[PDB]
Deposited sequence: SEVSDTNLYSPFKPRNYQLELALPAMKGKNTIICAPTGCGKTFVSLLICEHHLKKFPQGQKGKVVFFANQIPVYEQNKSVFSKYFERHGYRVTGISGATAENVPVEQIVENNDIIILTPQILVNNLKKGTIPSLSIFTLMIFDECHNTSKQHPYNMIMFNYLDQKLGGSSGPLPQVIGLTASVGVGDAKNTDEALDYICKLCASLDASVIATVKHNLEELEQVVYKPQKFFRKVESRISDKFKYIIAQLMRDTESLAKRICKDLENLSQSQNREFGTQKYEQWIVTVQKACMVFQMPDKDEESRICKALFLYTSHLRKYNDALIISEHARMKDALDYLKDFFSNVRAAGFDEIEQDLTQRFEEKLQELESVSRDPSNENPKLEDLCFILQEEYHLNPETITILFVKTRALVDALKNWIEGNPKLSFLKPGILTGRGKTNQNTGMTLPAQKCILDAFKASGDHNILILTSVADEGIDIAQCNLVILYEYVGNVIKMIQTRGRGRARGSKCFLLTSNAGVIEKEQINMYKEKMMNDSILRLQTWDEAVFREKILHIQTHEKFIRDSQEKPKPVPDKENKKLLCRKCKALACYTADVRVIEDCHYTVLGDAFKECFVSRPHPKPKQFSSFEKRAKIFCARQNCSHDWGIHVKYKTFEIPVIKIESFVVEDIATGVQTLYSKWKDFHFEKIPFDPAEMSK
């Protein structure tokens, strides 16, 4: 483990070396190579290299609290006995941050803290650090805190404000190629990433690949394009029942066709789900009793279509049978009883169609073949099966557990047993199964295999693209590691210079409750807090919201979130944002996303306050 002595593997000594030579280096190695151990050695070498009377200072960035706590503990245990001072700062920690940094040798930060401390000038300069280590360093792009930090660095390095600058090291399992759709674009993307981190070296394992390849998941991948049914006669009944039920809806809500942005919805697809969502979440109520009821049936049909597509009709029908038993046993409406009657007409035709052997799903025999072959070769195979939807998980399970040909299988659903069906995972650990099947899923011990099983050309094309994107990546790195370093440094510098040139480049309005459209406040009543937070003055506003005190509060920078504020109109109770304590003031704080803006009385819906270009008046203590 990470808390115990380790002999470094040969390839770890191999990856540590550029860093140990003082080079700004991106260390790129697959998950589970031991990136914590490499960074431990690098850090160890960095602080020991200093002559007596001199002292390094290391900062290590973690992007998340759990990772932050893991390394704070690993680094502490590891540098016991050297006598180094070791602490961390995170949101939970909040403190003389300048002095915490000054009086410690190893600091673990989430990076936003350092961004906050640079901007405010509490930490005047990155020059206090002699080494900076970025975990998951591929995040150094695009406004990520890691980039903000590096913009500070680069502004110094390029403004000749000197000031020695810390060595910079990054760790990642994959440098990425971004949007790249060719080698040149891939080379460009990776070069841009090295520019952003001032990296002149990319370290990969070369001399010890066989030693590495002895402990990194790399299954032989397999594309298996298959053919669908010749004719889903089950879909043709369900689709009519679906057309029939949209009709009934369009009765009780005319112009249904307009509520969503999602256009040309097709039955039995992911979109149709999204359309149902972008409609169950609209209206704006005794009519959305009838509507939610109609859309919740169009959902059960949509689901069933998907089960039929990748599993057997029986599996889809059963999910429809089980559903219509629950509705009748719950109680009968004249709308819940109609749909159910509507269904009951076709029931005899569906049950007939379901059991017709020529209606069987050919993709399932293909799944069976795969599972057979392997379990013949390696009978001790433990498998993991990823499927498209939650209903499919149960469908496939049911199908395995009822199939004479797969009796050697013992299935389990997740989030002993010999094959595992699911939609996602953690933990998990795919490398700990010898067989992974992706059964029509948009995704990604030695002798392990991965199979991709689909009748969709699209789905095969996604994996081909992902794979090519990975090849372009490694090819690009191999090319770049051949450059003389001075030539690379010179390419990097001008990417950095260009980047930096770019960085260097009132009437009153109503705010209404999005749900019930009640007048909430006017804009000349709004005040800004710091620059990013919106509060509404006056006592009149206090009556127009209620609040529910959040028993678990969070201490943020500007203030403390103590309560959630909900709409005051009882038939609504809409989420409006929060109520805070800000410098002895009990003030409310609102998200514009909760509200509707009005000028001829024209409604406009904003997501981010940064869009609304109204007159922003800042807070005044006394008013």
What's missing from the model if you number the deposited sequence from 1?
-> 1-6, 101-102, 293-302, 434-462, 492-503, 565-573, 668-669, 694-696
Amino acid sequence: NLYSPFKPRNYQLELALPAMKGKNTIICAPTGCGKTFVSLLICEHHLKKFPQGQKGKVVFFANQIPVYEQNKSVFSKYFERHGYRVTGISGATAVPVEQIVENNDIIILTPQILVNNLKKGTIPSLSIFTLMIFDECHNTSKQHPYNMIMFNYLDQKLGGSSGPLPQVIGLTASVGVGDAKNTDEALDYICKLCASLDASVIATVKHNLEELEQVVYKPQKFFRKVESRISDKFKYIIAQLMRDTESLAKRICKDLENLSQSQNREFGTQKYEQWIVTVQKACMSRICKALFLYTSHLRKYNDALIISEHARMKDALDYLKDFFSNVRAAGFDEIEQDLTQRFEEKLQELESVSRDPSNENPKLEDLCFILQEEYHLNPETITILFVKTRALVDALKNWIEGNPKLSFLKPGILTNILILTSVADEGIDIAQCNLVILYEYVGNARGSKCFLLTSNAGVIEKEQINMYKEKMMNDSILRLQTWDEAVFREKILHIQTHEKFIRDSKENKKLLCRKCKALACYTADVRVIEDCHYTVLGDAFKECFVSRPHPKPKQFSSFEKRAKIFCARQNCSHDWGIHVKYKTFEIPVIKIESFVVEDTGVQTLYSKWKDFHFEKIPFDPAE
From here on, numbers count along this sequence of modelled residues.
Take the C-alpha B-factors listed in the entry for 171-179 and for 461-469, compute each mean, and give the stretch with the larger one.
-> 461-469
Comparing 154-162 with 335-343, which has the greater mean CA B-factor as deposited?
-> 335-343
Compare the CA B factors listed in the entry for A282, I477, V442, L118 and report the winner.
-> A282
Taking the Cα B-factors listed in the entry, which of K57, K35, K48, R562 comes out highest?
-> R562
C-alpha B factor of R229, ranked within the chain: lowest, middle or highest third?
-> middle
Check where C572 lands among this chain's C-alpha B-factors and tell me if it's the lowest, middle or highest third.
-> highest
Taking the entry's C-alpha B-factors for this chain, is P8 in the lowest, middle or highest third?
-> lowest
Taking the entry's C-alpha B-factors for this chain, is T523 in the lowest, middle or highest third?
-> highest
For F386, return the chain-relative third of its C-alpha B-factor as stated in the PDB record: lowest, middle or highest.
-> lowest
